[PDB]
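First the structure, in the form of structure tokens, and then the observations on it.
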There are 2 protein chains.
Amino acid sequence: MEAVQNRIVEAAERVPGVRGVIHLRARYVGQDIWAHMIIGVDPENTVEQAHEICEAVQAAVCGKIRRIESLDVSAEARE
Amino acid sequence: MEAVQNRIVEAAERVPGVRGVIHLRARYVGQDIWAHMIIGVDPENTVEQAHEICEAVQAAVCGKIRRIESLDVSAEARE
């Protein structure tokens with residue numbers, strides 16, 4: 001649980017435009033993980049750019065961590 | 001319930017920068033309402049601007065509809 005959540009955080013942080021993981025809640029459903037994540041982004045990015053970063057984080061994390069079967073990613077301004 | 005939710009929607013829509021209410025969930029707790037709202041915004045607004053619109057919607061709706069005692073507002077790109 002703690003190691004998998006570190007893996008998730010690190011995976012998100014390596015995606016262009018991510019300025020920290022603000023929040024991550026992981027729920028275990030059988031052998032699978034269902035998760036909700038909030039990432040920080042540049043406040044001067046557009047809303048469209050922030051959506052693109054969130055989509056990229058979803059693809060990267062789901063592609064890298066095969067136990068994850070649901071992941072919702074949203075963004076907030078950071079710095 | 002239906003009339004109060006129409007009131008909430010209309011109140012949000014009159015705030016500068018709102019492009020529709022995408023989602024509104026209202027829960028009744030005793031006599032009070034607790035609500036979660038997603039607004040549409042210009043995709044070319046910055047993330048900081050979208051946060052400012054959300055804050056303005058929170059102030060307007062909470063100020064106008066006194067039964068609401070909790071309101072969380074987030075934004076997504078619309079058009």
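To be explicit about the labels: the chains of the structure tokens are called A, B, and onward in the order shown, and within each one the residues are counted from 1, while ligands get numbers from 1 in the order they are shown.
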
For this session: Select all residues from chain B having any atom no more than 12 Å from an atom of chain A (counting only C-alpha atoms, ignoring ligands), output as a count of residues only.
Result: 20

For this session: Quick one: pick out all strand (DSSP E or B) residues within range 8-57 of chain A from a backbone DSSP run and write them as a PyMOL selection string.
Result: chain A and resi 21-29+32-41+46

Take chain A, lay it over chain B with a least-squares fit on all the Cα atoms in order, then hand it over as a short mmCIF file (atom, residue, chain, number, x, y, z; two decimals) with N, CA, C and O atoms, in the first residue's frame.
```cif
data_model
loop_
_atom_site.label_atom_id
_atom_site.label_comp_id
_atom_site.auth_asym_id
_atom_site.auth_seq_id
_atom_site.Cartn_x
_atom_site.Cartn_y
_atom_site.Cartn_z
N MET A 1 -36.79 21.00 -3.83
CA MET A 1 -35.53 20.36 -4.33
C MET A 1 -35.28 20.78 -5.79
O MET A 1 -34.22 21.19 -6.11
N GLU A 2 -36.37 20.59 -6.62
CA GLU A 2 -36.05 20.99 -8.04
C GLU A 2 -35.91 22.53 -8.24
O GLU A 2 -35.02 23.03 -8.98
N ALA A 3 -36.79 23.28 -7.57
CA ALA A 3 -36.76 24.74 -7.58
C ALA A 3 -35.48 25.30 -6.97
O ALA A 3 -34.94 26.25 -7.50
N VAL A 4 -35.00 24.73 -5.85
CA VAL A 4 -33.75 25.20 -5.24
C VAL A 4 -32.57 24.92 -6.19
O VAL A 4 -31.69 25.75 -6.31
N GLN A 5 -32.58 23.78 -6.89
CA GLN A 5 -31.47 23.50 -7.76
C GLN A 5 -31.48 24.39 -9.00
O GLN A 5 -30.42 24.83 -9.43
N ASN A 6 -32.66 24.73 -9.52
CA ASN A 6 -32.75 25.78 -10.55
C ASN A 6 -32.20 27.14 -10.05
O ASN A 6 -31.45 27.82 -10.77
N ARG A 7 -32.52 27.50 -8.80
CA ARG A 7 -32.01 28.75 -8.20
C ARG A 7 -30.48 28.76 -8.15
O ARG A 7 -29.82 29.75 -8.46
N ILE A 8 -29.92 27.63 -7.76
CA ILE A 8 -28.46 27.50 -7.65
C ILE A 8 -27.81 27.64 -9.02
O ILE A 8 -26.83 28.41 -9.17
N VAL A 9 -28.36 26.95 -10.01
CA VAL A 9 -27.82 27.02 -11.36
C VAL A 9 -27.84 28.46 -11.91
O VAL A 9 -26.86 28.95 -12.48
N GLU A 10 -28.98 29.11 -11.79
CA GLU A 10 -29.14 30.44 -12.30
C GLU A 10 -28.19 31.40 -11.60
O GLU A 10 -27.58 32.27 -12.27
N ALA A 11 -28.04 31.27 -10.28
CA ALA A 11 -27.10 32.10 -9.55
C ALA A 11 -25.65 31.94 -10.06
O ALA A 11 -24.93 32.93 -10.24
N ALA A 12 -25.22 30.71 -10.32
CA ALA A 12 -23.87 30.48 -10.80
C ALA A 12 -23.69 31.08 -12.19
O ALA A 12 -22.63 31.64 -12.48
N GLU A 13 -24.70 30.91 -13.05
CA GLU A 13 -24.61 31.35 -14.44
C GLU A 13 -24.47 32.88 -14.60
O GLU A 13 -23.85 33.33 -15.58
N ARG A 14 -24.92 33.64 -13.62
CA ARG A 14 -24.83 35.11 -13.65
C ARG A 14 -23.47 35.63 -13.22
O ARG A 14 -23.24 36.84 -13.21
N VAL A 15 -22.53 34.74 -12.86
CA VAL A 15 -21.18 35.18 -12.42
C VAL A 15 -20.26 35.26 -13.65
O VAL A 15 -20.22 34.34 -14.47
N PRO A 16 -19.57 36.39 -13.82
CA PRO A 16 -18.64 36.51 -14.96
C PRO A 16 -17.70 35.31 -15.15
O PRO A 16 -17.00 34.89 -14.22
N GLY A 17 -17.69 34.78 -16.38
CA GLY A 17 -16.77 33.71 -16.75
C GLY A 17 -17.37 32.31 -16.70
O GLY A 17 -16.78 31.36 -17.17
N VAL A 18 -18.59 32.20 -16.17
CA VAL A 18 -19.24 30.89 -16.16
C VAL A 18 -19.86 30.62 -17.53
O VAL A 18 -20.65 31.43 -18.05
N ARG A 19 -19.48 29.47 -18.11
CA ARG A 19 -20.05 28.94 -19.35
C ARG A 19 -20.81 27.63 -19.03
O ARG A 19 -20.40 26.50 -19.34
N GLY A 20 -21.93 27.81 -18.40
CA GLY A 20 -22.82 26.70 -18.06
C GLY A 20 -22.42 26.04 -16.76
O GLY A 20 -21.27 26.09 -16.34
N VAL A 21 -23.42 25.44 -16.12
CA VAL A 21 -23.19 24.49 -15.01
C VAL A 21 -23.20 23.10 -15.61
O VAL A 21 -24.22 22.63 -16.11
N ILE A 22 -22.06 22.46 -15.54
CA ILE A 22 -21.85 21.12 -16.08
C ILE A 22 -22.48 20.05 -15.16
O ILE A 22 -23.03 19.04 -15.62
N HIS A 23 -22.35 20.27 -13.84
CA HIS A 23 -22.80 19.28 -12.84
C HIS A 23 -23.10 19.97 -11.54
O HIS A 23 -22.35 20.87 -11.11
N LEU A 24 -24.19 19.51 -10.90
CA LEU A 24 -24.55 19.98 -9.56
C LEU A 24 -25.17 18.83 -8.79
O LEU A 24 -26.18 18.28 -9.21
N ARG A 25 -24.53 18.48 -7.69
CA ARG A 25 -25.13 17.50 -6.77
C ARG A 25 -25.43 18.22 -5.45
O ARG A 25 -24.50 18.78 -4.84
N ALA A 26 -26.70 18.22 -5.05
CA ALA A 26 -27.20 18.80 -3.78
C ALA A 26 -27.67 17.70 -2.88
O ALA A 26 -28.45 16.87 -3.32
N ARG A 27 -27.18 17.72 -1.64
CA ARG A 27 -27.54 16.75 -0.59
C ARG A 27 -28.22 17.56 0.50
O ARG A 27 -27.75 18.63 0.85
N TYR A 28 -29.29 17.03 1.07
CA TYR A 28 -30.04 17.72 2.11
C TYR A 28 -29.60 17.09 3.42
O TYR A 28 -29.66 15.89 3.54
N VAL A 29 -29.07 17.90 4.33
CA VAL A 29 -28.64 17.47 5.65
C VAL A 29 -29.40 18.32 6.66
O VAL A 29 -29.09 19.49 6.85
N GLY A 30 -30.40 17.70 7.32
CA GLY A 30 -31.38 18.46 8.07
C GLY A 30 -32.05 19.47 7.15
O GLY A 30 -32.52 19.10 6.06
N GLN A 31 -32.04 20.73 7.54
CA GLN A 31 -32.61 21.82 6.75
C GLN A 31 -31.60 22.46 5.79
O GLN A 31 -31.97 23.33 5.01
N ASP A 32 -30.33 22.04 5.86
CA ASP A 32 -29.28 22.67 5.09
C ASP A 32 -29.01 21.90 3.80
O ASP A 32 -29.31 20.72 3.71
N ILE A 33 -28.42 22.59 2.82
CA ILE A 33 -27.89 21.96 1.59
C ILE A 33 -26.37 21.94 1.54
O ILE A 33 -25.72 22.92 1.84
N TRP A 34 -25.80 20.80 1.20
CA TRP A 34 -24.37 20.65 0.94
C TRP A 34 -24.26 20.29 -0.54
O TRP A 34 -24.95 19.38 -1.03
N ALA A 35 -23.41 21.01 -1.28
CA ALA A 35 -23.41 20.86 -2.71
C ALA A 35 -22.02 20.80 -3.34
O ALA A 35 -21.07 21.33 -2.77
N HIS A 36 -21.93 20.10 -4.47
CA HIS A 36 -20.71 20.04 -5.30
C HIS A 36 -21.11 20.48 -6.70
O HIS A 36 -22.11 19.97 -7.24
N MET A 37 -20.38 21.45 -7.27
CA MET A 37 -20.71 22.00 -8.59
C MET A 37 -19.47 21.98 -9.50
O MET A 37 -18.36 22.21 -9.03
N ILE A 38 -19.68 21.67 -10.77
CA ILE A 38 -18.67 21.86 -11.81
C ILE A 38 -19.23 22.90 -12.80
O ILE A 38 -20.34 22.73 -13.32
N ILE A 39 -18.44 23.96 -13.04
CA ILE A 39 -18.77 24.99 -14.02
C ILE A 39 -17.92 24.81 -15.27
O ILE A 39 -16.79 24.29 -15.20
N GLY A 40 -18.48 25.20 -16.40
CA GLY A 40 -17.69 25.35 -17.61
C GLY A 40 -17.01 26.71 -17.63
O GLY A 40 -17.57 27.70 -17.13
N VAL A 41 -15.81 26.77 -18.22
CA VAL A 41 -15.09 28.07 -18.42
C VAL A 41 -14.43 28.05 -19.79
O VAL A 41 -14.24 26.98 -20.38
N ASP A 42 -14.04 29.23 -20.26
CA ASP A 42 -13.27 29.39 -21.49
C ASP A 42 -11.99 28.52 -21.37
O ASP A 42 -11.23 28.69 -20.41
N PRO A 43 -11.72 27.61 -22.33
CA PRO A 43 -10.50 26.79 -22.26
C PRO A 43 -9.20 27.59 -22.28
O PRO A 43 -8.17 27.08 -21.87
N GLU A 44 -9.27 28.84 -22.75
CA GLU A 44 -8.09 29.70 -22.85
C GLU A 44 -7.91 30.61 -21.65
O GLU A 44 -6.93 31.35 -21.57
N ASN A 45 -8.86 30.54 -20.68
CA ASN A 45 -8.58 31.13 -19.37
C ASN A 45 -7.38 30.41 -18.75
O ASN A 45 -7.16 29.24 -19.04
N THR A 46 -6.60 31.09 -17.89
CA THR A 46 -5.56 30.40 -17.15
C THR A 46 -6.19 29.60 -15.99
O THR A 46 -7.33 29.83 -15.59
N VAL A 47 -5.41 28.68 -15.46
CA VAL A 47 -5.81 27.93 -14.26
C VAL A 47 -6.08 28.90 -13.10
O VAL A 47 -7.05 28.77 -12.35
N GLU A 48 -5.27 29.95 -12.97
CA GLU A 48 -5.51 30.94 -11.93
C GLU A 48 -6.84 31.67 -12.14
O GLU A 48 -7.61 31.85 -11.19
N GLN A 49 -7.13 32.06 -13.38
CA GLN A 49 -8.41 32.69 -13.66
C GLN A 49 -9.57 31.75 -13.34
O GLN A 49 -10.58 32.19 -12.80
N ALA A 50 -9.44 30.46 -13.70
CA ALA A 50 -10.53 29.52 -13.43
C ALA A 50 -10.77 29.41 -11.93
O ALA A 50 -11.92 29.33 -11.49
N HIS A 51 -9.71 29.43 -11.14
CA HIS A 51 -9.83 29.40 -9.65
C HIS A 51 -10.57 30.63 -9.15
O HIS A 51 -11.43 30.53 -8.30
N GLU A 52 -10.26 31.78 -9.73
CA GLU A 52 -10.95 33.02 -9.36
C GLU A 52 -12.45 32.97 -9.68
O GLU A 52 -13.29 33.40 -8.89
N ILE A 53 -12.80 32.42 -10.83
CA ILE A 53 -14.21 32.27 -11.19
C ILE A 53 -14.90 31.33 -10.17
O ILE A 53 -16.02 31.63 -9.70
N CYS A 54 -14.27 30.21 -9.88
CA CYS A 54 -14.85 29.26 -8.89
C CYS A 54 -15.09 29.93 -7.55
O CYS A 54 -16.16 29.75 -6.95
N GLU A 55 -14.12 30.72 -7.07
CA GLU A 55 -14.27 31.46 -5.82
C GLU A 55 -15.42 32.44 -5.88
O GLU A 55 -16.21 32.60 -4.91
N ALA A 56 -15.55 33.11 -7.03
CA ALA A 56 -16.64 34.07 -7.21
C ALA A 56 -18.02 33.38 -7.22
O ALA A 56 -19.01 33.92 -6.67
N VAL A 57 -18.10 32.20 -7.83
CA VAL A 57 -19.33 31.43 -7.85
C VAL A 57 -19.68 30.96 -6.42
O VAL A 57 -20.84 31.08 -5.96
N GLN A 58 -18.68 30.50 -5.69
CA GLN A 58 -18.89 30.11 -4.28
C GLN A 58 -19.47 31.29 -3.47
O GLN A 58 -20.50 31.14 -2.76
N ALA A 59 -18.86 32.46 -3.59
CA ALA A 59 -19.37 33.63 -2.87
C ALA A 59 -20.77 34.03 -3.29
O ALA A 59 -21.60 34.39 -2.45
N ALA A 60 -21.05 33.99 -4.59
CA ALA A 60 -22.34 34.44 -5.09
C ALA A 60 -23.44 33.50 -4.66
O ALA A 60 -24.46 33.95 -4.20
N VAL A 61 -23.24 32.20 -4.84
CA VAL A 61 -24.25 31.20 -4.52
C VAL A 61 -24.48 31.12 -3.02
O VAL A 61 -25.63 31.10 -2.59
N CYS A 62 -23.41 31.11 -2.22
CA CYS A 62 -23.56 31.03 -0.76
C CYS A 62 -24.22 32.32 -0.23
O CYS A 62 -25.01 32.28 0.71
N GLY A 63 -23.90 33.46 -0.84
CA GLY A 63 -24.48 34.72 -0.39
C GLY A 63 -25.96 34.85 -0.73
O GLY A 63 -26.72 35.50 0.01
N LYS A 64 -26.38 34.26 -1.85
CA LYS A 64 -27.73 34.38 -2.35
C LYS A 64 -28.68 33.31 -1.83
O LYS A 64 -29.88 33.57 -1.68
N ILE A 65 -28.17 32.12 -1.57
CA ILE A 65 -29.01 30.99 -1.19
C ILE A 65 -28.61 30.56 0.21
O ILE A 65 -27.65 29.83 0.41
N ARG A 66 -29.35 31.07 1.19
CA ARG A 66 -28.91 30.98 2.58
C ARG A 66 -28.99 29.55 3.15
O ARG A 66 -28.28 29.25 4.10
N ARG A 67 -29.82 28.69 2.55
CA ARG A 67 -29.87 27.26 2.94
C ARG A 67 -28.58 26.50 2.62
O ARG A 67 -28.30 25.44 3.21
N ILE A 68 -27.77 27.02 1.70
CA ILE A 68 -26.54 26.31 1.36
C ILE A 68 -25.51 26.58 2.48
O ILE A 68 -25.18 27.74 2.77
N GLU A 69 -24.96 25.53 3.05
CA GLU A 69 -23.97 25.65 4.11
C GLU A 69 -22.61 25.03 3.73
O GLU A 69 -21.62 25.20 4.48
N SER A 70 -22.54 24.38 2.57
CA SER A 70 -21.28 23.90 2.06
C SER A 70 -21.38 23.86 0.54
O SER A 70 -22.32 23.30 0.00
N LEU A 71 -20.37 24.40 -0.13
CA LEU A 71 -20.35 24.42 -1.61
C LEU A 71 -18.92 24.35 -2.10
O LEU A 71 -18.13 25.24 -1.80
N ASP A 72 -18.61 23.28 -2.83
CA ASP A 72 -17.33 23.09 -3.49
C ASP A 72 -17.53 23.31 -5.01
O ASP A 72 -18.40 22.69 -5.59
N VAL A 73 -16.73 24.16 -5.64
CA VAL A 73 -16.87 24.49 -7.06
C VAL A 73 -15.55 24.22 -7.76
O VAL A 73 -14.48 24.69 -7.31
N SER A 74 -15.65 23.45 -8.85
CA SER A 74 -14.51 23.20 -9.73
C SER A 74 -14.89 23.55 -11.16
O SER A 74 -16.05 23.77 -11.46
N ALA A 75 -13.88 23.60 -12.04
CA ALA A 75 -14.06 24.08 -13.41
C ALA A 75 -13.54 23.07 -14.42
O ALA A 75 -12.56 22.34 -14.16
N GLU A 76 -14.19 23.04 -15.58
CA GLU A 76 -13.72 22.30 -16.73
C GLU A 76 -13.85 23.17 -17.99
O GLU A 76 -14.71 24.05 -18.06
N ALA A 77 -13.03 22.89 -18.99
CA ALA A 77 -13.12 23.61 -20.27
C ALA A 77 -14.44 23.35 -20.97
O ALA A 77 -14.87 22.19 -21.06
N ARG A 78 -15.06 24.42 -21.47
CA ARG A 78 -16.28 24.30 -22.26
C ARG A 78 -16.17 25.21 -23.47
O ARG A 78 -16.06 26.43 -23.30
N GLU A 79 -16.16 24.60 -24.66
CA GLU A 79 -16.06 25.26 -25.98
C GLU A 79 -14.70 25.91 -26.24
O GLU A 79 -14.01 25.57 -27.21
#
```
